There are 2 protein chains.
Amino acid sequence: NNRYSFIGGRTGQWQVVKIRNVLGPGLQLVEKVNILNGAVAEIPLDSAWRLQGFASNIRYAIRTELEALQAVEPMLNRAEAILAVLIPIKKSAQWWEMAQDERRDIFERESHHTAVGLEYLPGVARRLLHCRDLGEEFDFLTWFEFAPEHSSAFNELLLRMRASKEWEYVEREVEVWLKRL
Amino acid sequence: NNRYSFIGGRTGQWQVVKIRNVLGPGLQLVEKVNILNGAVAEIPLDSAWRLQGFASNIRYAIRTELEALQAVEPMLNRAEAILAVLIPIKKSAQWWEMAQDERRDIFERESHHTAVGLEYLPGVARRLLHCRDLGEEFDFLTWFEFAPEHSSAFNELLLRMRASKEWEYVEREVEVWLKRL
Ligand code: HEM
Ligand code: HEM
């Protein structure tokens with residue numbers, strides 16, 4: 001099953017350390033996040049929000065980029081990776097109306113998204129989930145996990161991505177920092 | 001709402017003219033197709049199958065290709081467009097594992113998918129729906145509609161596409177020919 005749900009509330013595998021409402025409407029602070037592999041039609045007991053998305057095919061990365069990523073990218077669920085950050089992202093209408101070449105040019109040629117992110121591997125593991133096509137309020141759910149030794153580096157990455165051309169099209173962003181229970 | 005369902009059964013806006021089970025498991029012959037904008041968790045009793053997909057962003061077409069398409073592509077629901085064909089398609093695991101550049105090169109550089117398709121406009125109107133990401137048995141639901149005038153041309157187009165490199169990755173395909181009621 002390629003669908004994942006993230007329920008903010010009183011139960012889950014992850015304790016919420018903090019929520020930073022970076023851009024646009026925020027997410028209610030809660031005690032924990034519960035992650036479920038599957039859709040979840042009915043709101044859990046004592047929960048404040050649910051986010052959902054699916055794992056999908058590659059949309060931008062070219063073969064040589066995939067080869068570079070595969071050589072260094074870590075797996076999820078490393079024993080040392082006790083911190084995580086869930087970052088829902090929405091991009092503007094102006095982005096989604098662009099053609100494929102226009103988007104790829106902004107994403108890599110101008111913003112160097114993959115080349116910058118590679119600078120943070122193997123420390124940071126990640127998962128990308130898509131949800132615009134489900135009708136959700138965000139377009140992406142992005143997930144990152146790492147040992148505490150990489151927290152400073154991860155915060156620098158965030159600032160570097162926010163300085164990029166690609167980020168001129170980001171309309172909503174929240175950071176949910178988590179610690180593994 | 002970006003989701004569409006196609007219910008094969010005894011009711012609907014479209015009468016089934018024929019079903020050709022081109023490759024892989026077919027779809028049961030039925031009297032009619034009912035098309036609904038929205039999902040349908042409860043399939044009607046006298047219906048045989050339900051297909052669903054969503055409209056999404058562009059995956060391959062470049063700006064100059066979109067411009068060419070926009071100059072000539074017809075609207076849906078033209079008065080004369082009394083014939084349609086619903087063609088669910090599934091592509092292989094080897095296709096999906098390829099990177100974005102590899103897929104674009106097969107789609108256009110080798111197969112000329114858009115250049116060939118443009119030869120059949122304005123006669124043929126179309127919609128593309130995506131459903132691999134919903135866990136459906138097919139990956140795409142493709143829809144075409146046109147006057148009787150263009151049936152012979154549409155049949156030529158089908159044969160041309162099936163001769164392409166891109167088609168070497170198609171592993172399931174069915175044609176549901178319809179007439180507007
Ligand atoms: C940690 C190192 C990172 C690496 C190696 C990396 C790599 C990538 C790659 C290769 C893609 C494209 C996938 C495809 O072709 O479909 C992608 C997409 C994406 N990434 Fe990153 N990324 C990193 C960090 C980040 C961070 C920190 C953020 C958010 C603050 C983020 C947000 C996104 C988004 C929103 C997308 C989807 C873009 C779109 O489809 O428009 N990434 N990432
Ligand atoms: C009638 C003229 C046609 C035109 C102008 C045309 C045009 C296109 C365009 C431009 C795309 C890419 C959309 C994107 O970038 O996301 C596309 C995708 C697609 N089309 Fe066609 N098409 C035509 C006929 C057909 C026919 C007859 C079939 C099926 C037999 C078909 C099957 C598909 C499929 C399966 C995709 C999805 C490809 C993928 O994402 O891997 N098309 N079409």
# chains A, B, ... in the order shown; residues from 1 in each chain; ligands from 1
>>> residues_around(residues="residue 5 of chain A", least_positions_apart="6", cutoff="12 Å", atoms="only C-alpha atoms", output="list in words")
residues 12, 33, 34, 35, 36, 37, 38, 39, 40, 41, 42, 43, 44, 49, 50, 51, 52, 53, 54, 55, 86, 129, 130, 131, 136 and 141 of chain A
>>> residues_near_ligand(ligand="ligand 2", cutoff="6 Å", atoms="only C-alpha atoms and all ligand atoms", output="tab-separated table (two decimals) with C-alpha atoms, in the first residue's frame")
chain	number	residue	atom	x	y	z
B	58	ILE	CA	1.49	17.63	-16.92
B	59	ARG	CA	4.21	14.98	-16.62
B	60	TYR	CA	6.05	15.07	-20.03
B	61	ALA	CA	4.83	17.80	-22.37
B	89	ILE	CA	-3.89	1.26	-19.80
B	114	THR	CA	2.43	14.12	-28.93
B	117	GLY	CA	-1.46	12.55	-31.63
B	118	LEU	CA	-1.54	16.12	-32.92
B	120	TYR	CA	-5.65	13.60	-35.22
B	124	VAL	CA	-10.43	13.84	-31.58
B	140	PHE	CA	-4.34	5.44	-16.70
B	142	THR	CA	-7.73	7.58	-21.37
B	158	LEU	CA	-4.51	3.31	-32.26
>>> closest_residue(among="A:181, A:69, A:29, A:99", to="ligand 1", atoms="only C-alpha atoms and all ligand atoms")
A:69
>>> interface_residues(of="chain A", to="chain B", cutoff="9 Å", atoms="only C-alpha atoms", output="MDAnalysis selection string")
chainID A and resid 1:3 54:66 96:102 132:135
>>> closest_residue(among="B:84, B:159, B:170, B:30", to="residue 9 of chain B", atoms="only C-alpha atoms")
B:30
>>> closest_residue(among="A:105, A:149, A:139, A:110", to="ligand 1", atoms="only C-alpha atoms and all ligand atoms")
A:139
>>> select_by_dssp(residues="segment 2-178 of chain A", states="strand (DSSP E)", output="VMD selection string")
chain A and resid 3 to 9 14 to 23 32 to 37 47 to 54 83 to 91 125 to 130 140 to 146 170 to 178
>>> atom_distance(atom1="atom 19 (C, counted along the ligand's line) of ligand 1", atom2="atom CA of residue 116 of chain A")
11.7 Å
>>> atom_distance(atom1="atom 43 (N, counted along the ligand's line) of ligand 1", atom2="atom CA of residue 176 of chain A")
17.8 Å
>>> closest_residue(among="A:23, A:161, A:153, A:48", to="ligand 1", atoms="only C-alpha atoms and all ligand atoms")
A:161
>>> atom_distance(atom1="atom CA of residue 127 of chain B", atom2="atom CA of residue 155 of chain B")
17.4 Å
>>> select_by_dssp(residues="segment 17-66 of chain B", states="helix (DSSP H, G or I)", output="ChimeraX atom specification")
/B:63-66
>>> closest_residue(among="B:165, B:10, B:179, B:172", to="residue 91 of chain B", atoms="only C-alpha atoms")
B:172
>>> closest_residue(among="A:26, A:126, A:169, A:178", to="residue 13 of chain A", atoms="only C-alpha atoms")
A:178
>>> residues_around(residues="residue 147 of chain B", least_positions_apart="2", cutoff="12 Å", atoms="only C-alpha atoms", output="JSON, numbers by chain")
{"B": [74, 76, 77, 78, 79, 80, 81, 82, 83, 84, 85, 122, 123, 124, 125, 144, 145, 149, 150, 151, 152, 153, 154, 178, 179, 180]}
>>> decode(residues="segment 104-152 of chain B", atoms="N, CA and C atoms", output="PDB file, in the first residue's frame")
ATOM      1  N   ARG B 104      10.771  10.323 -20.581  1.00  0.00           N
ATOM      2  CA  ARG B 104      10.484  11.366 -21.563  1.00  0.00           C
ATOM      3  C   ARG B 104      11.096  11.016 -22.919  1.00  0.00           C
ATOM      4  N   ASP B 105      12.307  10.456 -22.912  1.00  0.00           N
ATOM      5  CA  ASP B 105      12.968  10.080 -24.159  1.00  0.00           C
ATOM      6  C   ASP B 105      12.187   9.004 -24.884  1.00  0.00           C
ATOM      7  N   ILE B 106      11.626   8.036 -24.160  1.00  0.00           N
ATOM      8  CA  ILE B 106      10.828   7.009 -24.829  1.00  0.00           C
ATOM      9  C   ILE B 106       9.532   7.607 -25.331  1.00  0.00           C
ATOM     10  N   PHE B 107       8.896   8.438 -24.497  1.00  0.00           N
ATOM     11  CA  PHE B 107       7.554   8.981 -24.777  1.00  0.00           C
ATOM     12  C   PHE B 107       7.542   9.857 -26.016  1.00  0.00           C
ATOM     13  N   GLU B 108       8.486  10.778 -26.113  1.00  0.00           N
ATOM     14  CA  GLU B 108       8.527  11.721 -27.216  1.00  0.00           C
ATOM     15  C   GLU B 108       9.667  11.459 -28.190  1.00  0.00           C
ATOM     16  N   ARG B 109      10.922  11.429 -27.724  1.00  0.00           N
ATOM     17  CA  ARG B 109      12.048  11.368 -28.645  1.00  0.00           C
ATOM     18  C   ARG B 109      11.970  10.137 -29.539  1.00  0.00           C
ATOM     19  N   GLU B 110      11.604   8.988 -28.958  1.00  0.00           N
ATOM     20  CA  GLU B 110      11.504   7.749 -29.722  1.00  0.00           C
ATOM     21  C   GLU B 110      10.107   7.513 -30.288  1.00  0.00           C
ATOM     22  N   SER B 111       9.058   7.705 -29.478  1.00  0.00           N
ATOM     23  CA  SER B 111       7.698   7.333 -29.876  1.00  0.00           C
ATOM     24  C   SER B 111       6.902   8.472 -30.507  1.00  0.00           C
ATOM     25  N   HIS B 112       7.345   9.698 -30.335  1.00  0.00           N
ATOM     26  CA  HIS B 112       6.657  10.881 -30.869  1.00  0.00           C
ATOM     27  C   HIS B 112       5.186  10.909 -30.485  1.00  0.00           C
ATOM     28  N   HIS B 113       4.885  10.528 -29.247  1.00  0.00           N
ATOM     29  CA  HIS B 113       3.500  10.443 -28.804  1.00  0.00           C
ATOM     30  C   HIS B 113       2.684  11.706 -29.110  1.00  0.00           C
ATOM     31  N   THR B 114       3.169  12.884 -28.684  1.00  0.00           N
ATOM     32  CA  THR B 114       2.426  14.125 -28.926  1.00  0.00           C
ATOM     33  C   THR B 114       2.406  14.507 -30.414  1.00  0.00           C
ATOM     34  N   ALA B 115       3.533  14.368 -31.108  1.00  0.00           N
ATOM     35  CA  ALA B 115       3.536  14.755 -32.514  1.00  0.00           C
ATOM     36  C   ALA B 115       2.558  13.897 -33.299  1.00  0.00           C
ATOM     37  N   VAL B 116       2.544  12.591 -33.026  1.00  0.00           N
ATOM     38  CA  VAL B 116       1.582  11.725 -33.722  1.00  0.00           C
ATOM     39  C   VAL B 116       0.151  12.069 -33.335  1.00  0.00           C
ATOM     40  N   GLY B 117      -0.107  12.255 -32.047  1.00  0.00           N
ATOM     41  CA  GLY B 117      -1.461  12.546 -31.630  1.00  0.00           C
ATOM     42  C   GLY B 117      -1.978  13.835 -32.228  1.00  0.00           C
ATOM     43  N   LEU B 118      -1.099  14.846 -32.364  1.00  0.00           N
ATOM     44  CA  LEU B 118      -1.539  16.124 -32.921  1.00  0.00           C
ATOM     45  C   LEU B 118      -2.072  15.981 -34.323  1.00  0.00           C
ATOM     46  N   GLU B 119      -1.631  14.942 -35.064  1.00  0.00           N
ATOM     47  CA  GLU B 119      -2.166  14.731 -36.402  1.00  0.00           C
ATOM     48  C   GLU B 119      -3.658  14.413 -36.424  1.00  0.00           C
ATOM     49  N   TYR B 120      -4.253  13.983 -35.329  1.00  0.00           N
ATOM     50  CA  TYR B 120      -5.650  13.601 -35.218  1.00  0.00           C
ATOM     51  C   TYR B 120      -6.501  14.659 -34.588  1.00  0.00           C
ATOM     52  N   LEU B 121      -5.901  15.866 -34.300  1.00  0.00           N
ATOM     53  CA  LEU B 121      -6.675  17.002 -33.856  1.00  0.00           C
ATOM     54  C   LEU B 121      -6.910  17.925 -35.046  1.00  0.00           C
ATOM     55  N   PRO B 122      -8.051  18.642 -35.085  1.00  0.00           N
ATOM     56  CA  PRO B 122      -9.059  18.729 -34.039  1.00  0.00           C
ATOM     57  C   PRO B 122     -10.133  17.665 -33.968  1.00  0.00           C
ATOM     58  N   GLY B 123     -10.080  16.638 -34.822  1.00  0.00           N
ATOM     59  CA  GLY B 123     -11.181  15.686 -34.845  1.00  0.00           C
ATOM     60  C   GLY B 123     -11.419  15.007 -33.504  1.00  0.00           C
ATOM     61  N   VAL B 124     -10.340  14.633 -32.809  1.00  0.00           N
ATOM     62  CA  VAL B 124     -10.427  13.844 -31.575  1.00  0.00           C
ATOM     63  C   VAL B 124     -10.193  14.736 -30.361  1.00  0.00           C
ATOM     64  N   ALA B 125     -11.183  14.772 -29.474  1.00  0.00           N
ATOM     65  CA  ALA B 125     -11.040  15.377 -28.155  1.00  0.00           C
ATOM     66  C   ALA B 125     -10.616  14.296 -27.160  1.00  0.00           C
ATOM     67  N   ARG B 126     -10.003  14.698 -26.043  1.00  0.00           N
ATOM     68  CA  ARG B 126      -9.413  13.701 -25.145  1.00  0.00           C
ATOM     69  C   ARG B 126      -9.370  14.201 -23.711  1.00  0.00           C
ATOM     70  N   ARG B 127      -9.264  13.251 -22.803  1.00  0.00           N
ATOM     71  CA  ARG B 127      -8.936  13.530 -21.401  1.00  0.00           C
ATOM     72  C   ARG B 127      -8.055  12.414 -20.918  1.00  0.00           C
ATOM     73  N   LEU B 128      -7.110  12.758 -20.074  1.00  0.00           N
ATOM     74  CA  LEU B 128      -6.200  11.813 -19.449  1.00  0.00           C
ATOM     75  C   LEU B 128      -6.448  11.813 -17.946  1.00  0.00           C
ATOM     76  N   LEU B 129      -6.615  10.611 -17.387  1.00  0.00           N
ATOM     77  CA  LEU B 129      -6.789  10.440 -15.959  1.00  0.00           C
ATOM     78  C   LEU B 129      -5.729   9.476 -15.486  1.00  0.00           C
ATOM     79  N   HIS B 130      -5.253   9.690 -14.260  1.00  0.00           N
ATOM     80  CA  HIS B 130      -4.195   8.906 -13.652  1.00  0.00           C
ATOM     81  C   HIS B 130      -4.782   8.083 -12.522  1.00  0.00           C
ATOM     82  N   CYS B 131      -4.353   6.816 -12.411  1.00  0.00           N
ATOM     83  CA  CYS B 131      -4.878   6.027 -11.313  1.00  0.00           C
ATOM     84  C   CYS B 131      -3.919   5.019 -10.692  1.00  0.00           C
ATOM     85  N   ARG B 132      -2.714   4.835 -11.227  1.00  0.00           N
ATOM     86  CA  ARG B 132      -1.740   3.997 -10.523  1.00  0.00           C
ATOM     87  C   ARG B 132      -1.603   4.393  -9.063  1.00  0.00           C
ATOM     88  N   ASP B 133      -1.612   5.680  -8.798  1.00  0.00           N
ATOM     89  CA  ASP B 133      -1.353   6.170  -7.439  1.00  0.00           C
ATOM     90  C   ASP B 133      -2.527   5.916  -6.497  1.00  0.00           C
ATOM     91  N   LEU B 134      -3.707   5.543  -7.035  1.00  0.00           N
ATOM     92  CA  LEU B 134      -4.847   5.154  -6.238  1.00  0.00           C
ATOM     93  C   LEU B 134      -4.835   3.648  -5.936  1.00  0.00           C
ATOM     94  N   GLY B 135      -3.866   2.896  -6.452  1.00  0.00           N
ATOM     95  CA  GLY B 135      -3.851   1.455  -6.307  1.00  0.00           C
ATOM     96  C   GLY B 135      -4.763   0.718  -7.237  1.00  0.00           C
ATOM     97  N   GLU B 136      -5.237   1.358  -8.292  1.00  0.00           N
ATOM     98  CA  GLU B 136      -6.105   0.719  -9.291  1.00  0.00           C
ATOM     99  C   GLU B 136      -5.350  -0.313 -10.088  1.00  0.00           C
ATOM    100  N   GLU B 137      -6.142  -1.197 -10.741  1.00  0.00           N
ATOM    101  CA  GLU B 137      -5.570  -2.249 -11.561  1.00  0.00           C
ATOM    102  C   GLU B 137      -4.945  -1.685 -12.822  1.00  0.00           C
ATOM    103  N   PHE B 138      -5.451  -0.566 -13.317  1.00  0.00           N
ATOM    104  CA  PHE B 138      -4.820   0.105 -14.431  1.00  0.00           C
ATOM    105  C   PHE B 138      -4.048   1.300 -13.912  1.00  0.00           C
ATOM    106  N   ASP B 139      -3.192   1.848 -14.785  1.00  0.00           N
ATOM    107  CA  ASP B 139      -2.432   3.059 -14.428  1.00  0.00           C
ATOM    108  C   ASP B 139      -3.068   4.331 -14.924  1.00  0.00           C
ATOM    109  N   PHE B 140      -3.740   4.270 -16.082  1.00  0.00           N
ATOM    110  CA  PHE B 140      -4.344   5.441 -16.695  1.00  0.00           C
ATOM    111  C   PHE B 140      -5.729   5.078 -17.173  1.00  0.00           C
ATOM    112  N   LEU B 141      -6.588   6.053 -17.198  1.00  0.00           N
ATOM    113  CA  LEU B 141      -7.837   5.955 -17.943  1.00  0.00           C
ATOM    114  C   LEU B 141      -7.783   7.034 -19.008  1.00  0.00           C
ATOM    115  N   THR B 142      -7.808   6.639 -20.264  1.00  0.00           N
ATOM    116  CA  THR B 142      -7.731   7.579 -21.367  1.00  0.00           C
ATOM    117  C   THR B 142      -9.095   7.683 -22.023  1.00  0.00           C
ATOM    118  N   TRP B 143      -9.488   8.863 -22.395  1.00  0.00           N
ATOM    119  CA  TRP B 143     -10.826   9.074 -22.947  1.00  0.00           C
ATOM    120  C   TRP B 143     -10.712   9.869 -24.213  1.00  0.00           C
ATOM    121  N   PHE B 144     -11.456   9.450 -25.251  1.00  0.00           N
ATOM    122  CA  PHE B 144     -11.450  10.072 -26.569  1.00  0.00           C
ATOM    123  C   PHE B 144     -12.881  10.186 -27.063  1.00  0.00           C
ATOM    124  N   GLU B 145     -13.197  11.306 -27.698  1.00  0.00           N
ATOM    125  CA  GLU B 145     -14.534  11.488 -28.254  1.00  0.00           C
ATOM    126  C   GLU B 145     -14.440  12.248 -29.562  1.00  0.00           C
ATOM    127  N   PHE B 146     -15.365  11.912 -30.464  1.00  0.00           N
ATOM    128  CA  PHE B 146     -15.289  12.399 -31.836  1.00  0.00           C
ATOM    129  C   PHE B 146     -16.567  12.044 -32.609  1.00  0.00           C
ATOM    130  N   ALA B 147     -16.778  12.754 -33.728  1.00  0.00           N
ATOM    131  CA  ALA B 147     -17.817  12.453 -34.685  1.00  0.00           C
ATOM    132  C   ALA B 147     -17.506  11.160 -35.443  1.00  0.00           C
ATOM    133  N   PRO B 148     -18.557  10.486 -35.990  1.00  0.00           N
ATOM    134  CA  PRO B 148     -18.357   9.246 -36.799  1.00  0.00           C
ATOM    135  C   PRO B 148     -17.392   9.381 -37.892  1.00  0.00           C
ATOM    136  N   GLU B 149     -17.386  10.673 -38.278  1.00  0.00           N
ATOM    137  CA  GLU B 149     -16.481  11.171 -39.464  1.00  0.00           C
ATOM    138  C   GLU B 149     -15.030  10.675 -39.199  1.00  0.00           C
ATOM    139  N   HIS B 150     -14.607  10.646 -37.943  1.00  0.00           N
ATOM    140  CA  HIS B 150     -13.226  10.461 -37.545  1.00  0.00           C
ATOM    141  C   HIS B 150     -12.948   9.082 -36.993  1.00  0.00           C
ATOM    142  N   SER B 151     -13.909   8.158 -37.055  1.00  0.00           N
ATOM    143  CA  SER B 151     -13.681   6.830 -36.496  1.00  0.00           C
ATOM    144  C   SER B 151     -12.502   6.129 -37.185  1.00  0.00           C
ATOM    145  N   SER B 152     -12.484   6.130 -38.536  1.00  0.00           N
ATOM    146  CA  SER B 152     -11.409   5.486 -39.283  1.00  0.00           C
ATOM    147  C   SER B 152     -10.042   6.041 -38.904  1.00  0.00           C
TER     148      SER B 152
END
